[PDB]
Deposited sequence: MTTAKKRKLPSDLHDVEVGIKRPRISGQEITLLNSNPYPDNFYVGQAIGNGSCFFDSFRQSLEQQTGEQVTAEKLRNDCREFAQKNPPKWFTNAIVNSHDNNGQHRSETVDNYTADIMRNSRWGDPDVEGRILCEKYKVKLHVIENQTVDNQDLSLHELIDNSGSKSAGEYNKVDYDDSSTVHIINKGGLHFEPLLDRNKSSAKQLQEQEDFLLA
């Protein structure tokens, strides 16, 4: 309903990594780039180890150095669920994509890129024909599923969905 009729809600793994798995699936369909959910967590670990800019330390917090070190361990655990505002921003920067989240609350559209998170308004309308936007749906909390495009899915993938 809050998306065009060629899009559908896919399935994500439910071991705590649904954010990473939803991002991975939309990334692969949109750009062809295959990255495992574990590799996406490792990209966030590496971001935190490599002189991260202040937005990141500000978001997750001397005390800063231990907090970053705790993050580098915790982000590799499936128990740590991913957050579009933090891990999504890191992955948008690495993969040169914009992340569109459909949030239920009515449906609100958020767009995240390497510079942070904004509501999709008149100047930042969601573009469902842009191969550099990836799409996920957030039913509540930090629960995510990929929003995929039938036009870009194999017939077998679509039968597995049905």
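Unmodelled regions of the deposited chain sequence (numbering from residue 1, in sequence order): 1 to 35, 97 to 103, 148 to 153, 211 to 215.
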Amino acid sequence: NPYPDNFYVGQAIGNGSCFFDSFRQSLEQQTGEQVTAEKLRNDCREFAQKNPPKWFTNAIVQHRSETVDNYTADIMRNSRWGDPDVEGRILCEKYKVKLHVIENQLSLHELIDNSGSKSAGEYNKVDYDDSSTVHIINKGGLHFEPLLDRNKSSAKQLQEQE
From here on, numbers count along this sequence of modelled residues.
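The stretch with the higher mean CA B factor, choosing between 65 to 73 and 129 to 137, is 65 to 73. Per-stretch averaging of Cα B factors for 21 to 29 and 5 to 13 places 5 to 13 on top.
Comparing the C-alpha B-factors of 37, 48, 111, 60 in the entry, the top value falls on 60.
Among all modelled residues in this chain, the alpha-carbon of residue 95 has a temperature factor (C-alpha) in the lowest third.
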